[PDB]
Each structure stands twice: as C-alpha cells, then as structure tokens.
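Engineer: For reference, the structure I am asking about is given below.
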Amino acid sequence: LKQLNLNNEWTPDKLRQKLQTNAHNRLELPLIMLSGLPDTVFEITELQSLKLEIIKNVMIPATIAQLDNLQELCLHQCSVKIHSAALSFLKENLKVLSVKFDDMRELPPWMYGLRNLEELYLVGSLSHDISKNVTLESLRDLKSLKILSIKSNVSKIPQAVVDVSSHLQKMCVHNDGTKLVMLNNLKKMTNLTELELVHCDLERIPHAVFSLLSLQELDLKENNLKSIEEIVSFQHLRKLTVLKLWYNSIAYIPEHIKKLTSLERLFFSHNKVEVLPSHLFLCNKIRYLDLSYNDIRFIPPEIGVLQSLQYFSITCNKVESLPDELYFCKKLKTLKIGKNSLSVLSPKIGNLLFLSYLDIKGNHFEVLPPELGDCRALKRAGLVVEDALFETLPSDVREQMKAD
Amino acid sequence: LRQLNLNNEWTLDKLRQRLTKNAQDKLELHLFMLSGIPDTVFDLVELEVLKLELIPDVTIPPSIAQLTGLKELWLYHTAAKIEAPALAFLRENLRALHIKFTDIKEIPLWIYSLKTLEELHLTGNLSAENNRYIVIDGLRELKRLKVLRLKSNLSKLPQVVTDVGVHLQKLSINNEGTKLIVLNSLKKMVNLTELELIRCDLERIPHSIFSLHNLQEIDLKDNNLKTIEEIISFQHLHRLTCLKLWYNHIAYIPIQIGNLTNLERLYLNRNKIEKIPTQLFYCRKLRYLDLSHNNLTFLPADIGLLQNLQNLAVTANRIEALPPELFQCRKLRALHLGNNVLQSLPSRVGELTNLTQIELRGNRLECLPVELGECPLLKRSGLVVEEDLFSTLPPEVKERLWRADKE
Amino acid sequence: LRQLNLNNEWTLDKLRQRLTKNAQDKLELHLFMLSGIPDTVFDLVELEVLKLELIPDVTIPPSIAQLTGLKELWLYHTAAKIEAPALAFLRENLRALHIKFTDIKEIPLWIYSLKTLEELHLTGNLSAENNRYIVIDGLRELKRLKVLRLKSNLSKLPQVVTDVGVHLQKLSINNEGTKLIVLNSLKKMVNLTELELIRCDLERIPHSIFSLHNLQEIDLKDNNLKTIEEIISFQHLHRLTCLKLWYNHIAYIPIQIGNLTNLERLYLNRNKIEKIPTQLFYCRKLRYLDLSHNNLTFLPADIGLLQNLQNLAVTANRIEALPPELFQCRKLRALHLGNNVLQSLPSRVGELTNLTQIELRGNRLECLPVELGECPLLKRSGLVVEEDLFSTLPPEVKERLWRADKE
C-alpha cells in the first residue's frame, strides 16, 4: 500500500520536473527524504544517475532495465535492496558508484556484486575493524575499478586495496585524523597512478608511498610531514609529474628533489618553510610551484633557472625582498604576490609577455609605476588592484588593461 | 456515476494549475489513469494539446466545441468512441493525432474520417496476420498527412505508404531492431523533406534515399551502419542540410563527404570514428559538428576554416591538446569539451565572443586560464566546471563570472 | 420550471460575462449545450449574433423581437421553432444565417419564408442516396440573399446550386478532399465576383472560370496543383485582381502569367516554386504577396521593377541576402522573412522607416545593422526580433526602442 501511495504521489511529471544535473555532468534524480522508490522513476529512461538520500529499506524492481542510459548511483544513507534481474542489469550497465554509510547497514552488500564498476566513492564512517570487511574484499570482483575514494577513518589499509592493485588508477582517502598503517598493501600497488592520501595523519612520508613505482600524482594534504628525505628513490617515479604537499608542516626542501626531472605540479603552500632554498630553484622542469601563505623570508637568486615555471604563487608570504632574477623568466603566466611584505615593484616587468595573473592586494606600495602598462597579457580584471590605486594610474595606462 | 463524479471532482481551477507547455510551446494537459475523461477538461478553451493516456473505453463528448485551441489529440492506449458532432468538429479542427496501442483493435476506426489531420504517430505494431497494413489501409482516406511516425516493428515497409507518400513529407520509421526491405519503393514518394530511419538495423544505406531528391534532413540513427561509403552519390541530393549519421557503427569517414558542401549539421556522435579526414573539413557550411563519444585522438587545424561552426561537441574523446586554429573560428557558441583528456585550454578562447556554454568538467585540465573570463555571454550556468577549477580564476575575474551568474 | 431554472442560471450579468466578439467585430454570445433557450439572453438588446450551438428542444418565443441588432443567427445542430410574430420580426431584421446540420435532421424549415435576409451559410453532407441535392430545393423565395457559402463535401456540382446562384455575389465551395465536377456549368454564374474553391483537389482549372468578367478574387487553395498550364486561357479575363494558388505543389510558374496587369495580390505560399522568373515581375502593382515556405534560392532581378507593393513573404526558402532588388521597393511594410538562411541585412533596409513588421524566427543574421537605429518608427512590439539578435543594438538605440514601446 505504501508502494501504491508512492506511485500515486509521485507522478512521472513530478519526477520529470525534479530532473537536474549532478557534479559529474550526468542526469541525476535527487530523491531525498522518501520512503522508497516510485515505480514512475523508470519511465524516465533517459536518466543517467539517481541520488538516493536517506531512503531506507528500498527494494529495486527489475523495471530498472528500462534505464538504459543509467551509469551512476549515489546512495546517501540508504539501506537499499535489489532484485535478481535488476542486479544482473546493473552488473552489465553501471560504471560509477558513490555510497555514504552513516550506519553500517546503509552500506549495501549487493553493490560489490557488479563487475563493470569503474569509479567508486566510499564516503562514510567505517569501523576500525577494517580487515574483517569481506564486503570490502569483494572489490576483486570489479574488473575495471580505477577510482576509489574512501572518505572514512581508514586506519589500516585493506587487503581489498591489495586485490585491486593493478586496475586502480585513482586512490583517495580522507582518513580524518587516523594514522595510516599496514604499509605493505600500498607497497603492493603496481599500476596505481594517482595516490590521494588527504589527512591520513602521516607523521612523515610512509615507506609504502615511496614503494610506489608507477605513481603520477601524490597528495599528502593535511598530513604532518616532517621531512622529504628518501628522495634518492623518487627517480623511479619518472611517471610522476604532480606533487601535492600543501597545507602541511614542512619547513625545508633539500636538494634531493633534483632526482625527479619530470616534476611539473609542485605544491608547498601554507607550510612552515621560513626560507626558500636555491637548490629547489636548481630544477628547471618545474612549471607549477605553489608556495602561497608561507613564511618565506626571501628568494635566492637561483630562481632564474626556473624558466619553464608558469605558476609561482608566493602571495601572502613574509617575502620582503624580491630579486630581479625572477623577472628574467618570461614564461610565468600566473603570478600572485598579493598580501606580501614587499616595498616597491620592479620596473623591469615588460619582458613577461605571457602574464595573465598579477595580484598585489593588501601589500604596501608607495606609487604604482607606469611600467605596469608594459605588461602585454595583463588585464584589468586580471590585475586585482584597489580602487584607490586604480585612480593612481595614467588614463592611457588605465585603458591599456581596462579596454580588453 | 463514475463519469459524472469525474466531471464533478476535476474542477476548473485545478485543471488550470494542471496546464503545462510542450516542446512546441503549446498549452498542455496530461490525463493519466482516469476512469473516463472530465467534462471540465472539455470546458477549457486555452488548451492546445490534450494527452489521453491509459483511459479505458471513454466516449468523446461534443463539448469539444469549447476546445477551439485544441489541435493535438494524443492517444496512448485509449480506446475512444466518438460522438457525431464531435466527429465533425475533429474532422474540421484536429490536425495532429498520435496513436499508441498494444492491440491492432485498439486504434479507433474514426481516425480515417479525419480530414484536417497532417501529423500521425502510429507507434505500436501494425504488422499482424491479415492485419498487416490492412487496418491502416484507410489512411488512403487521409489526404493532408505529412508526418507519419511508425514505431511499429515493420518487417517490410507497407504498400499503403507507397500509395500515400506523394503528399507525405516526413517518414520516421522505428522498428526497434527489424531490417527494412525497402526495394527502392520511395521513388513514388517524392515530397519528403525529412527521413528519420531510427533503430532499423539496416547495416547499410539503401538506394531509396538516393533516388529521392527533396530530402533536407536525413537521420539514420542506430541503423548499425558499419560503412558509409555510398555518400559519394549524396551530391545528387542537392538539398540535404542535416546528415544525422549518429548512434551507428561508423568507424571512418570517406573523403567524398567533401563533395557534400550543403551539410549544415553533421551529427556523427556515438560512432567508432577514430580519424577525421581533412576532406570532411572542406565543407564550409557545417554549423553543428558533434563528434562526441567517438575515438578521435587529435583535432585537425583546418577546423579554423569552418567559420560557420557554432557548437563543436567532442565530448568524451581522446583529444589531448586543442590546436590554436580551433579558436580561429569565432562563431563557436557551445564548446562541449567535457570528459576529454584536454591537458590545458589555450588562452585564445578569450578571442571568442559567441561562446555561451563551455564544458570542461571531467577533463585533465590543470587550471582555468584568465582569458576564459573575456567571453561576455559566458555565465556560471554556461561555464560548467569543477569548483576547484573555478577557484583558479582570479577573484576579480571570478567576480565577473559570478556577476554574470547574478546579473 | 425548466425555463425559470435556466433563467436563474443565466442572468444578464453572466450573459455580459459570456459576451464576446467574432471576426466580423459583431457582438457574439456562444450558447452551447443548454437544455433550453434563456429569456434573459433575448432581453439583452445589445446582442447582434445569437449563437445556438447544439442546443436541443429549441422553441423561440416572440421575446426575440426584443433583440435590436439581431442580424446573425448561428444555429448549429439546432432545430428551431419560431412563432408567426417572431417569424415576421425575423422577416425584417435577420440578415445572416448559418446552419450546421446532420442531413435533413437538423435543417430548419422556416428559412424559406424569410425573404429579406442577405447572407446565408450551409454545412453538412447533401449528396445522399436517392436524395441527390434534393433537400436544398426550397431556397427560391430568397430574393435579397447576396452571400452564400457552402462546405458540404460535394462529389458533384449541384444543379440546384446553379439555378439558385443567379442573385449571388460571394460564393465559396469547400469539398474537403472531393472532386468538383464543374463541367463548364459555371458559365451561367455571370454575377459571381468572388469564387473560392478550397481543397477542390482539381489538378486542372475548369474552362468555365474563363467566362466570368466579374470575378476579382479566384481562390484555388489546397487544390494540389502541380503544373499550371491553364493560365494561358486566363488571358481572356480582365477582372481577376488576385489569384490564390497557395498550399499547392506548383513546381514553376510559367511566363505567360506575367501578362496579367490587373493582378494585385499573389498568394502562392507553401508551394514548390524553385526559381521565380524576373519576367513575371513585369507586373509591378502587386500590393499583397505570399511566397513563404518555398524553394527560392535567391530573390530575382525584377523585384527591383516592383514599386506598388506592401509586403513580400520570403519565409522558409534558400535566399541569403536582401539585394538591391528588394531595395528598389519604397512601399514595403511587412517582411515575412523568418526561419531562413538569410545571411545579412544590407544598409538600405535602415531607410525603410515605414516598417510595420519583420519576421526573423530563426534567421541567420550576424547582427542588426546600425541603420536600423536610424528608424525610431519601428518599435520593439512593432518588429519581431530574436532576443539575442535584438540586444546587439547600442544601449542608446535599445533604450530608445523601449521608450518608443512606451511612447
């Protein structure tokens, strides 16, 4: 009778007008605060995703076979059951899953029965009894799983992660203040390319992270790293181009970063570094160098080697003296020096032909020079300056960036 | 008693709030799972399209004389009996009838008496033993029929449409997996401007489309077209402007498509094409080049020659880098670059002005360049992108785009 | 009790509520599906068109003599009973009378004694078995009748119609998909000044049309004419001011039709005309013109010859530009040029200050030229311009347009 009232209450017109898009650019139905699924859901055969939010004890019929365009499910606090032919259809059709489990029962055991799974987002609150999860160890059934984002307290890395060592390409954990241990599993990653260990309570770089051999993007955000020392073996990560180590407590960068000559994306913002090293600038391949909100006192003059640097965010730092060697590098496109400790701006800035971003807000300046008109790629919307200093510019210099 | 009560409960104001609008911008009313049809529905005057779905054995009252704006009668699984004055009114007013039925006896027999009807949508199997097109042999009585949609699993195309197609202008046949033995029978059917053979499993383009000359919109969706080499003869079709060769098994494009200079929309999406020959890029009249969900790995620079291109949708491809010549065409209105492997989007997109919606979410895009904010008509609804990718733009440029969302 | 109850139902206030106006700008009162006629509806002296649609058991009391402006009686499916004083009142005020009937069942009998009316309409099948046009034999006493319009799906031309039509001025024949066998019997119909043949599906012009020197309007709409080879015999006539060959399939219009100088209005829209010849536009006094929904690939030379025109309909064809040919015309007021492939509007259209309307429902314009800002006479409600196209005008020009919309 509840199912009949559900079919009467939610006409197909109401579900059609409920239709919208999700964060993955798919047609998603955000079914929120309901008793079950209506039978008029499956009349919208063009649907590509359903967001089920707090809809418990739901039994999915076989009529889901009409959802040919369906490739994603997002289960938010839903203890959902499925029927056998529907299970087979979603085994042969589904690609993306995202299940949140405020309670353990809200995580369904049926969802691991598929094999066409590519992307999984295992947000929730996992218990510390992680190795006991045979439901987790069923990810070996998935023969295409490449994205695995577990937003839960993952103290010990599961052997479920061991069973998906090869096919995985993106590995994301938000451990939320729990130390990540049992490193041999992350040693067993063979073909993993993106390791996203966000806030795994790592007191330093784990030896497991360093036993990776095919990594391309490493993120240790909100992990209280003490040092970057083992780098004599980062040379085996020639496939690595992205190093994400910001919002951390690192205080220095030794010369060892010279081992990786394929490093492009470097993140060291919001760190405890008080003086930028010159041997960091010795590497010239680095194109993205992020050091915003740091404690940097000054920039050594070896930064002229960093010609390929297209991003040098030194904004909101303690930097008082900026050397002229940085202005020799003309490829720097996104440069932010806002809220810094500078006194005057360098007149020689016109050699930066490719310079879209310039941010100088908050920093104390005496007089804006006319040489700010010398920048070619600069834009008035791209040149974030106060209105008072916008007044302190020549009218031709105003129009140089104001008129497109 | 049920009919009278249904007339009583379905009040006028609740019907007014029940009124909606369709894709054709006509006032609409969907009657789904009722005992009969309310007379207060028939009291309406502003209604244009009434939708009769799952109505068991109802009779149309003559109060349809009030429904003057009524032009589209939508019959879904509805066995309708008809009153004679209402029959005359529908003969002189009703112009579009869609009939879906599960049994060949469910179709009303008074649809042949309609004379002002031009659009017919016979969805549901017309092919049955001794009822194979003999039931619809009365569409010879139909004279002004121009649109004839047939989602009916037809094994062979009827002889009755060969008789009727002198005046027919659109033939949308959906067999849902049954091949047509066309036998070049469209030669007597000379007035078609559109032909939509969808889900027919043809596996080859027949020659009946080639014998015709008046076609301007050709759709061959889901016909399992492995090879499309016949298109060299399509220069004979001097009026074609929309060659919708999508949802097929097309793995390559022959160079003779360069002879097709009259194409304006070339819908090749959801195909297996891996390389675009440059001869396809000769056609200056292409406006909607949708090559999404395909195997393209690179985009040729000759796309800059296609100045009339507006919506280039290469969604879910293998294109790693956009050439600068792509931004040579200044008429790009909707650059659907989503789900691709675009490493970085060049700043030349700041030169584009007609861009209204660009899709970059799901790419390998490292950061969003500042010049993307130079497009005037672009807004947040148009600029769909990941939030962290949005954060890479300057907060003044982000303020400009957030204002375009606001203003 | 029944009359009192229906009197309490329909008071004078609700009658003024239901009062509308028709296409003739006359006061109409749509009375539909009433068990009886009201008396308050005859109390209102303002009423001019008394509408009686599908009202059974009709017995009109002499209070219809209370009506002052009663010149129209739109009785549809109504069996009217009228007493002798009310009939005599009808014999001095009633002028126009429309009948909708199902054969002999719903045909009134008092209409023959009416000898002072001037207009009459009929609708309903008449060619019954053993009763071939025998029910309309009593219309001989009507001497002041001037307008007779028929829509009665006639399989053959009634001889009674030919005998009756001696005192006729306007006659329209609608067969809704039936052959009309004139058989040169319209030679007696010398007094006809407008001959409408709507959906006569003739496919040939009858030779009796070439004998009447009073016809100013010839209407052959939806006659499925493909090759007009009978206009050479139209040269004998010197009265036809407007030919109506629209909603047909005329592939080409021959040269000889350019010899008709008296033609002033060409309705040829929704036809199969590929190229309209310049010699045809030697007649420059073409005030009205309808050429929409056609296959014209360019607007030809002798449109420059045209000078005494007021509109051209160029909707839905293959014309790319407004050439100097349309620009040598200095009296055009409405441009029906929508959903076209018109590339641009050149400059001189910005001199056309007397521009009532333009139609641009999907046209391919780059932008409205600043010369259109030269005319404040064209207002935002006056012209029909797409919102994205309209916004490209300067902010001063757009503000002036909204101002003139208010002003």
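FYI, nothing fancy with the structure tokens labels: chains A, B, ... in order, residues from 1 per chain, ligands from 1 as they appear.
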Neighbouring residues of stretch 405-407 of chain B were defined as those with any atom within 7 Å, considering only C-alpha atoms; residues of the same chain fewer than 6 positions away were excluded. Please report them as a list in words.

Structural biologist: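 Listed by chain and then number, they are residues 379, 380 and 381 of chain B.
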
Engineer: Considering only C-alpha atoms, tabulate each residue of chain B that lies at most 7 Å from chain A along with its nearest interatomic pair and the corresponding distance in Å to one decimal; arrange the rows by chain and ascending residue number and present them as a tab-separated table.

Structural biologist:
residue	atom	partner	partner_atom	distance
B:370	CA	A:356	CA	6.3
B:394	CA	A:382	CA	6.3
B:396	CA	A:381	CA	5.4
B:397	CA	A:381	CA	5.4

Engineer: Emit the selected residues as a PDB file, in the first residue's frame, including N, CA, C and O atoms.

Structural biologist:
ATOM      1  N   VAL B 370      42.891  32.781 -17.335  1.00  0.00           N
ATOM      2  CA  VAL B 370      42.180  34.030 -17.070  1.00  0.00           C
ATOM      3  C   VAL B 370      41.378  34.477 -18.284  1.00  0.00           C
ATOM      4  O   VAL B 370      40.273  35.018 -18.144  1.00  0.00           O
ATOM      5  N   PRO B 394      41.074  34.388 -11.225  1.00  0.00           N
ATOM      6  CA  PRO B 394      41.251  35.490 -10.266  1.00  0.00           C
ATOM      7  C   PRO B 394      39.933  35.884  -9.628  1.00  0.00           C
ATOM      8  O   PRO B 394      38.899  35.920 -10.310  1.00  0.00           O
ATOM      9  N   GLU B 396      38.789  38.679  -9.014  1.00  0.00           N
ATOM     10  CA  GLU B 396      38.121  39.721  -9.787  1.00  0.00           C
ATOM     11  C   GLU B 396      37.501  39.149 -11.060  1.00  0.00           C
ATOM     12  O   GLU B 396      36.368  39.495 -11.412  1.00  0.00           O
ATOM     13  N   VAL B 397      38.214  38.253 -11.745  1.00  0.00           N
ATOM     14  CA  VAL B 397      37.622  37.548 -12.880  1.00  0.00           C
ATOM     15  C   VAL B 397      36.530  36.597 -12.398  1.00  0.00           C
ATOM     16  O   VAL B 397      35.478  36.452 -13.037  1.00  0.00           O
TER      17      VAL B 397
END

Engineer: Could you tell me which of B:374, B:92, B:57, B:106 comes closest to chain C if we count only C-alpha atoms?

Structural biologist: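 The answer is B:92, which sits nearest to chain C.
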
Engineer: Quick one: everything within 8 Å of stretch 218-233 of chain B, counting only C-alpha atoms, minus sequence neighbours fewer than 2 positions away in the same chain. Send it as a ChimeraX atom specification.

Structural biologist: /B:194-205,210,215-216,235-237,240,242-254,256-257,259

Engineer: When you get a sec, could you note down which chain B residues fall within 10 Å of chain C, using only C-alpha atoms, as a list in words?

Structural biologist: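 Per the criterion, chain B yields residues 62, 63, 65, 66, 84, 85, 88, 91, 92, 115, 116, 141, 142, 143, 144, 167, 191, 239 and 331 of chain B.
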
Engineer: Where in stretch 51-205 of chain A does DSSP assign strand (DSSP E), given as a count of residues only?

Structural biologist: 36

Engineer: Go through B:400, B:265, B:146, B:16 and flag the residue nearest residue B:193, using only C-alpha atoms for the distances.

Structural biologist: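 When distances to residue B:193 are compared using only C-alpha atoms, the smallest one comes from B:146.
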
Engineer: Between A:232, A:306, A:275, A:198, which residue has the minimum interatomic distance to residue A:291, considering only C-alpha atoms?

Structural biologist: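 For residue A:291, the nearest of the given residues is A:275.
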
Engineer: Could you tell me how far atom CA of residue C:276 lies from atom CA of residue B:213, in Å and to one decimal?

Structural biologist: 19.8 Å

Engineer: So which residues touch residue C:168 within 9 Å, counting only C-alpha atoms, skipping near sequence neighbours fewer than 3 positions away, as a list in words?

Structural biologist: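 My reading of the contact set: residues 145, 146, 147, 148, 164, 165, 171, 189, 191, 192 and 193 of chain C.
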
Engineer: Can you measure atom CA of residue B:43 to atom CA of residue C:12 for me? One decimal in Å is fine.

Structural biologist: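 Interatomic distance here is 21.1 Å.
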
Engineer: I'd like the contact shell of stretch 1-7 of chain B - 10 Å cut-off, only C-alpha atoms, skipping same-chain residues fewer than 4 positions apart - returned as a list in words.

Structural biologist: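 Near neighbours after the sequence-gap exclusion: residues 11, 12, 34, 35, 36, 37, 38, 39, 40, 41, 42 and 58 of chain B.
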
Engineer: Give me the residues within 9 Å of residue A:155 as an MDAnalysis selection string, counting only C-alpha atoms and dropping any in the same chain fewer than 3 places off.

Structural biologist: chainID A and resid 128 130 175 178:182 200

Engineer: Identify, on the basis of only C-alpha atoms, every residue whose closest approach to residue B:351 does not exceed 8 Å; exclude the query and any residue fewer than 6 positions from it along the same chain; express the result as a ChimeraX atom specification.

Structural biologist: /B:327,330,374-375

Engineer: Please produce a file of the residues just selected, as a short mmCIF file (atom, residue, chain, number, x, y, z; two decimals), in the first residue's frame, where the atoms kept are C-alpha atoms.

Structural biologist:
data_model
loop_
_atom_site.label_atom_id
_atom_site.label_comp_id
_atom_site.auth_asym_id
_atom_site.auth_seq_id
_atom_site.Cartn_x
_atom_site.Cartn_y
_atom_site.Cartn_z
CA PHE B 327 39.92 29.37 -31.88
CA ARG B 330 34.96 32.95 -33.88
CA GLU B 374 36.99 37.51 -21.56
CA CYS B 375 33.89 35.96 -23.18
#

Engineer: Enumerate the residues of stretch 40-211 of chain C with a DSSP assignment of helix (DSSP H, G or I), computed from the backbone, and present them as a ChimeraX atom specification.

Structural biologist: /C:40-43,62-66,84-93,103-106,159-167,186-188,209-211

Engineer: Any chance you could export the current selection's N, CA, C and O atoms as a short mmCIF file (atom, residue, chain, number, x, y, z; two decimals), in the first residue's frame?

Structural biologist:
data_model
loop_
_atom_site.label_atom_id
_atom_site.label_comp_id
_atom_site.auth_asym_id
_atom_site.auth_seq_id
_atom_site.Cartn_x
_atom_site.Cartn_y
_atom_site.Cartn_z
N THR C 40 -33.51 35.84 -20.66
CA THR C 40 -32.65 36.99 -20.43
C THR C 40 -31.70 37.22 -21.60
O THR C 40 -31.31 38.36 -21.86
N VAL C 41 -31.30 36.15 -22.30
CA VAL C 41 -30.47 36.30 -23.49
C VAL C 41 -31.22 37.01 -24.61
O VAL C 41 -30.62 37.68 -25.44
N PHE C 42 -32.55 36.88 -24.65
CA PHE C 42 -33.34 37.72 -25.55
C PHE C 42 -33.70 39.06 -24.94
O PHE C 42 -34.14 39.95 -25.67
N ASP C 43 -33.53 39.22 -23.63
CA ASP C 43 -33.79 40.52 -23.01
C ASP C 43 -32.71 41.54 -23.39
O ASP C 43 -33.01 42.73 -23.54
N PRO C 62 -41.68 35.09 -28.83
CA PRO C 62 -41.57 36.39 -29.50
C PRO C 62 -40.71 37.41 -28.76
O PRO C 62 -40.58 38.55 -29.23
N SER C 63 -40.11 37.05 -27.63
CA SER C 63 -39.16 37.94 -26.97
C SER C 63 -37.86 38.08 -27.76
O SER C 63 -37.05 38.95 -27.42
N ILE C 64 -37.65 37.26 -28.79
CA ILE C 64 -36.58 37.52 -29.75
C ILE C 64 -36.84 38.80 -30.54
O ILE C 64 -35.92 39.36 -31.14
N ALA C 65 -38.09 39.28 -30.55
CA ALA C 65 -38.38 40.62 -31.06
C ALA C 65 -37.77 41.71 -30.19
O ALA C 65 -37.65 42.85 -30.66
N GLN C 66 -37.38 41.39 -28.96
CA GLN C 66 -36.70 42.35 -28.10
C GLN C 66 -35.29 42.65 -28.61
O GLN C 66 -34.73 43.71 -28.30
N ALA C 84 -45.29 32.78 -35.45
CA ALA C 84 -45.55 33.70 -36.55
C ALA C 84 -45.16 35.15 -36.26
O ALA C 84 -44.57 35.78 -37.16
N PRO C 85 -45.46 35.76 -35.09
CA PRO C 85 -44.96 37.13 -34.87
C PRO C 85 -43.45 37.22 -34.82
O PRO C 85 -42.87 38.16 -35.39
N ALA C 86 -42.78 36.26 -34.18
CA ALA C 86 -41.32 36.26 -34.17
C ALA C 86 -40.75 35.97 -35.56
O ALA C 86 -39.70 36.51 -35.92
N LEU C 87 -41.44 35.14 -36.34
CA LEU C 87 -41.01 34.90 -37.72
C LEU C 87 -41.13 36.17 -38.55
O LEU C 87 -40.25 36.48 -39.36
N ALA C 88 -42.21 36.93 -38.36
CA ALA C 88 -42.37 38.20 -39.06
C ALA C 88 -41.33 39.22 -38.61
O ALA C 88 -40.88 40.04 -39.42
N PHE C 89 -40.95 39.20 -37.33
CA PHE C 89 -39.86 40.05 -36.86
C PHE C 89 -38.54 39.66 -37.51
O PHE C 89 -37.72 40.52 -37.84
N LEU C 90 -38.31 38.35 -37.68
CA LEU C 90 -37.14 37.89 -38.40
C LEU C 90 -37.18 38.33 -39.86
O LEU C 90 -36.13 38.62 -40.46
N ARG C 91 -38.37 38.40 -40.44
CA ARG C 91 -38.56 38.87 -41.82
C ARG C 91 -38.26 40.37 -41.99
O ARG C 91 -38.52 40.87 -43.08
N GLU C 92 -37.76 41.10 -40.99
CA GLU C 92 -37.37 42.49 -41.20
C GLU C 92 -36.07 42.87 -40.52
O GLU C 92 -35.61 44.00 -40.71
N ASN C 93 -35.45 41.98 -39.75
CA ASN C 93 -34.21 42.29 -39.05
C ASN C 93 -33.11 41.28 -39.32
O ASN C 93 -31.93 41.65 -39.37
N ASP C 103 -27.59 15.97 -42.11
CA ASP C 103 -28.58 15.84 -43.19
C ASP C 103 -29.89 16.56 -42.89
O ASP C 103 -29.89 17.71 -42.43
N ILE C 104 -31.02 15.89 -43.14
CA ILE C 104 -32.33 16.53 -43.01
C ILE C 104 -32.72 16.72 -41.54
O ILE C 104 -33.62 17.52 -41.24
N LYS C 105 -32.03 16.04 -40.62
CA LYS C 105 -32.45 16.03 -39.22
C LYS C 105 -32.40 17.42 -38.58
O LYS C 105 -33.32 17.80 -37.85
N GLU C 106 -31.35 18.19 -38.87
CA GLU C 106 -31.14 19.47 -38.20
C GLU C 106 -31.24 20.66 -39.15
O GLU C 106 -30.54 21.66 -38.96
N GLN C 159 -26.97 20.93 -59.51
CA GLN C 159 -27.69 21.74 -60.48
C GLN C 159 -28.59 22.76 -59.79
O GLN C 159 -28.81 23.86 -60.32
N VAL C 160 -29.11 22.41 -58.61
CA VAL C 160 -29.92 23.34 -57.83
C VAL C 160 -29.10 24.55 -57.42
O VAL C 160 -29.61 25.67 -57.37
N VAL C 161 -27.81 24.35 -57.12
CA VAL C 161 -26.93 25.47 -56.80
C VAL C 161 -26.79 26.40 -58.01
O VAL C 161 -26.84 27.63 -57.87
N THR C 162 -26.62 25.82 -59.20
CA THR C 162 -26.51 26.62 -60.41
C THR C 162 -27.78 27.40 -60.69
O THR C 162 -27.73 28.55 -61.15
N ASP C 163 -28.94 26.80 -60.42
CA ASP C 163 -30.20 27.52 -60.60
C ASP C 163 -30.38 28.61 -59.55
O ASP C 163 -30.90 29.69 -59.86
N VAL C 164 -29.95 28.35 -58.32
CA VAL C 164 -30.15 29.30 -57.22
C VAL C 164 -29.25 30.52 -57.38
O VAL C 164 -29.69 31.66 -57.17
N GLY C 165 -28.00 30.31 -57.80
CA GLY C 165 -26.99 31.35 -57.71
C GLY C 165 -27.12 32.57 -58.60
O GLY C 165 -26.15 33.32 -58.75
N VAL C 166 -28.30 32.80 -59.18
CA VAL C 166 -28.50 33.93 -60.08
C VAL C 166 -28.28 35.25 -59.35
O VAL C 166 -27.63 36.17 -59.86
N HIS C 167 -28.79 35.36 -58.12
CA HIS C 167 -28.70 36.58 -57.33
C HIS C 167 -27.56 36.54 -56.32
O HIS C 167 -27.71 37.07 -55.21
N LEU C 186 -20.56 26.61 -64.98
CA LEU C 186 -20.46 27.89 -64.29
C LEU C 186 -20.56 29.07 -65.25
O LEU C 186 -20.44 30.22 -64.81
N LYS C 187 -20.78 28.81 -66.54
CA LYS C 187 -20.95 29.90 -67.50
C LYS C 187 -22.20 30.71 -67.20
O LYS C 187 -22.25 31.91 -67.51
N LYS C 188 -23.22 30.08 -66.61
CA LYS C 188 -24.41 30.81 -66.20
C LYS C 188 -24.13 31.70 -65.00
O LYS C 188 -24.87 32.67 -64.75
N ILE C 209 -14.28 28.99 -65.70
CA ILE C 209 -13.77 30.15 -64.96
C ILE C 209 -13.43 31.28 -65.93
O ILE C 209 -13.63 32.46 -65.62
N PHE C 210 -12.94 30.94 -67.12
CA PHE C 210 -12.54 31.91 -68.14
C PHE C 210 -13.73 32.64 -68.78
O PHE C 210 -13.50 33.37 -69.76
N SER C 211 -14.96 32.48 -68.31
CA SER C 211 -16.12 33.12 -68.92
C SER C 211 -16.73 34.23 -68.07
O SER C 211 -17.63 34.93 -68.56
#

Engineer: Quote the spacing between atom CA of residue A:367 and atom CA of residue A:327 in Å to one decimal place.

Structural biologist: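 According to the coordinates, atom CA of residue A:367 and atom CA of residue A:327 are separated by 19.5 Å.
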